[PDB]
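Be aware that the sequence shown starts at 1, since it is given in PDB author numbering, and climbs by one per residue. Just so it is clear, CB atoms sit at the ideal spot from N, CA and C, and this is done for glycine as well.
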Amino acid sequence: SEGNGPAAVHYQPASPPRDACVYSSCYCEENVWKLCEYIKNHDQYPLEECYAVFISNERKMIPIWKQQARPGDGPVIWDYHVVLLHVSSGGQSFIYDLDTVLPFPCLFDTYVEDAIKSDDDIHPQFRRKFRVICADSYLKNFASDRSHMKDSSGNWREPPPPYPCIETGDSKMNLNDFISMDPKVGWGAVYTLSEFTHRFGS
């Protein structure tokens, strides 16, 4: 046996339960934005402890396991996926991924072990990078007009959310600047899988 302390075990979630959260399939960027807004609007946790995390790569083909779109027989290959990360004071980070079949929220190390998995034997073009944006900056800066979800014929790929598009004074659309894993573009910091797990893993 092996045993560590001190530790974090009565963690109260920063969000409502999964089934009470704002959610539209295939609008993870917005689902995460709405989690960030909830946290900002409540007095449980400081917003400074929370991050939006975009997962993608140059080829926009990233596997994630433990996904509701294909349970039991992962991975799902996404163009990008977005989750919320909360760094709690208890010694410990948590992932809030409304699309996971893991718990909501899930301990960071579990999510990385079971949903992300190692890149070591993954074909290099499918390896994962992580853009980590402070929640306050994500709320300040993110904008999407949803135009990436409307095909050539003007049909929606998946139904858009019913509330108005997220826009800022500076932009009506900058989604690509968050999907990008070019560290010279956009906001926040871009990490390799190893760097990401080094920063947040226990």
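For this session: Indicate whether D114 and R128 have their beta-carbon atoms separated by less than 8 Å.
Result: no
Problem set entry | Inter-residue spacing [alpha-carbon to alpha-carbon] between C28 and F126 | 20 Å
Exercise. When DSSP builds the beta bridges, which residues end up paired with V76?
Worked result: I64
For this session: Let me know if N176 comes out buried or exposed under the rule of 16 or more other beta-carbons within 10 Å of its beta-carbon.
Result: exposed
Exercise. Three-state secondary structure (DSSP) at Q125?
Worked result: helix
For this session: Please go through the same chain and pick out, in chain order, the residues whose beta-carbon is closer than 8 Å to the beta-carbon of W33, but skip the five residues on each side of it.
Result: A52, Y138, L139, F142, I166
For this session: Write down the C-beta distance between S88 and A20 rounded to the nearest angstrom, noting that I regard them as a contact closer than 8 Å.
Result: Actually they are not in contact, since the Cβ atoms of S88 and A20 sit about 21 Å apart, beyond 8 Å.
Exercise. Would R131 be called buried (16 or more neighbouring beta carbons within 10 Å of its own) or exposed?
Worked result: buried
Exercise. Going by beta carbon distance, what residues of the same chain come within less than 6 Å of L193, once the five residues before and after it are set aside?
Worked result: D119, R128
For this session: Could you tell me if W65 is buried or exposed, where buried requires 16 or more neighbouring beta carbons within 10 angstroms of its beta carbon?
Result: buried
Exercise. Given that a residue counts as buried once 16 or more other Cβ atoms are within 10 Å of its Cβ, and exposed if not, what is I62?
Worked result: buried
Problem set entry | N174 burial status per 10 Å Cβ neighbour count (16 or more: buried) | buried
Exercise. When DSSP builds the beta bridges, which residues end up paired with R131?
Worked result: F54, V190
Problem set entry | Beta-carbon separation (whole angstroms), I39 vs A135, contact threshold 8 Å | 7 Å
Problem set entry | Contact the region 43-50 vs the region 65-76: 3+ CB pairs below 8 Å | no
For this session: May I ask which residues mark the beginning and end of the beta strand (DSSP E) holding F142?
Result: Neither: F142 is in no beta strand (DSSP E) and is coded neither H nor E.
For this session: Answer yes or no: do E49 and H86 have a C-beta to C-beta separation smaller than 8 Å?
Result: yes
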